[PDB]
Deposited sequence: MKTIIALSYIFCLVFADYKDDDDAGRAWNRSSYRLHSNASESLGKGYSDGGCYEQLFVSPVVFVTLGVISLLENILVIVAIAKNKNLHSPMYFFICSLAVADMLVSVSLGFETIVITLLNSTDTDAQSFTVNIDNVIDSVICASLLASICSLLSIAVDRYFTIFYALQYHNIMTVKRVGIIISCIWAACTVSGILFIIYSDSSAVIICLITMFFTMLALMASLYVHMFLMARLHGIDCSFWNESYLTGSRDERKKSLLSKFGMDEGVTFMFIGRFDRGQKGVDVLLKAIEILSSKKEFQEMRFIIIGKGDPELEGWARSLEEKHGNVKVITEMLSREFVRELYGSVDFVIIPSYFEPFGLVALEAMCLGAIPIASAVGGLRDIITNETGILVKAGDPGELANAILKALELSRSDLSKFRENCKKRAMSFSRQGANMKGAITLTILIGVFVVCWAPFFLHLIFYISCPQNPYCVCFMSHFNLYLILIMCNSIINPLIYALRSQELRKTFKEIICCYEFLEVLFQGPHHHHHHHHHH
């Protein structure tokens, strides 16, 4: 068994002690941190220090009975220390998952999630988590010799591992497939008013002024859904409201589908078809000129195609599918059933009646909604903070949990025991989780860094009046 000096356990437990009370004191003393996310961080800080304090208390205890030399007092104080550690570890996971649930809802349903999660509601949830964790922690240590408990602890680590893997491929690997580029999709690249650009755009195609609906994508059957839009135009073409609408269909692909599209372009007059792929700069101008963009996709994993349109005031009419369903709300667009040309055509009729009011507030909601999905926004930065916190937890607890796997899968294997003999190294690594976590909050929260500086100045004054 690899020996580590008991001072190391007591030292790091003290550093983790002062660090985590500073975290709890700061959030409590700062009303600017009275949000559900920081409340769940506070519960993680409590479970962090309780693990490090118990481990430092355990090594101090163990050293004491190495000098006195009852067997019943050992088992009692051992089951109590280990139960506090077990309960805090379960709370450590529940708090991390609660931050994940907080981040997911603060990103896609921000206004809603803020209303249910009142300052009361966080209290019951955090208390309910610690109640179930303390109960489960005691039951786990009682049956610490059962294969069900060790497998239960192992399964909860693999879920945190799978969640960290999911967040890594989302926020880093595919950070670039669903991330909105605000440096390019900006209103500042436009000049004049909206009707100014729209009238100039409709004049470029030799067309009268009307409510403009625009489609851009690939011409295929059963994907981007241009076949649905062509059928929807044919439906509306027989109605009297068709004359007030203007349609700009852009795309290349199925030669029989554009021959369809080009046939209606020759049949009506308020329909313009462009069978080439235009530059992204022209697409940007069209987003700030047309009134609505129609995204009738059969399958759309990322709502990025919507976010770019809503950046320039374009109100999306998309299928409630994949990313479009999560991006577009009732205040920022119109959703329809995928593959339904009749349901689609009704949304253009709804958008036609909607255009008879002042849509400036609607377009401002779209710009504001798409703005909140920027990587530099507070929502994306919170999910990156959650990914750092879970990555730190997985790395710090991985050696201990591999040791747990070896304990039930190969305790006799001559080099499972070689890994198992370094158990003390995995213990101090566990306490490093409660030391790195406060540092993570500091470099990821600008407000928490400000409260930390106000305390070192009050701690510099906590010695003047102390000694004088």
TODO: No C-alpha coordinates anywhere in a stretch? Then put that deposited-sequence range on the list, in order along the chain.
DONE: 1 to 54, 124 to 125, 525 to 535
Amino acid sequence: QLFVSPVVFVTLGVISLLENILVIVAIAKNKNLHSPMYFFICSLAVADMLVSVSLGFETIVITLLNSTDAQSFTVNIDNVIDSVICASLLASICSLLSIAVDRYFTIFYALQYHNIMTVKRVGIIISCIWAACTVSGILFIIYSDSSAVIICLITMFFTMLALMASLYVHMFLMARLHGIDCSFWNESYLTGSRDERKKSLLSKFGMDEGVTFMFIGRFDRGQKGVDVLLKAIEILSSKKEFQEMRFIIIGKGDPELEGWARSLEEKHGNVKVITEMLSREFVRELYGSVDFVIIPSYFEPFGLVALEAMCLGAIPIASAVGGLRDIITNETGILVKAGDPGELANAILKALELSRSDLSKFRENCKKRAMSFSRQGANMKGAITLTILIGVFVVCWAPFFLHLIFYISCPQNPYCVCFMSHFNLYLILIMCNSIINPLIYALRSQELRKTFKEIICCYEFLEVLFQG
From here on, numbers count along this sequence of modelled residues.
Task: Mean Cα B-factor comparison, 202 to 210 or 327 to 335, giving the higher one as deposited - done: 202 to 210
Task: Greater mean Cα temperature factor according to the PDB record, 160 to 168 or 265 to 273 - done: 265 to 273
Open item on the list: In terms of recorded Cα temperature factor, pick the maximum from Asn76, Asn365, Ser319, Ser98.
Closed with: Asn76
Open item on the list: Using only modelled residues of the chain, where does the Cα B factor of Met420 rank: lowest third, middle third or highest third?
Closed with: lowest
Open item on the list: Ranking every modelled residue in this chain by its Cα temperature factor as given in the entry, which third contains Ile348?
Closed with: middle
Open item on the list: Sorting by Cα B-factor within the chain, modelled residues only, which third would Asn20 end up in: lowest, middle or highest?
Closed with: lowest
Task: Chain-wide C-alpha B factor ranking for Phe242, given as lowest, middle or highest third - done: highest
Open item on the list: Using only modelled residues of the chain, where does the Cα B factor of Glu308 rank: lowest third, middle third or highest third?
Closed with: lowest
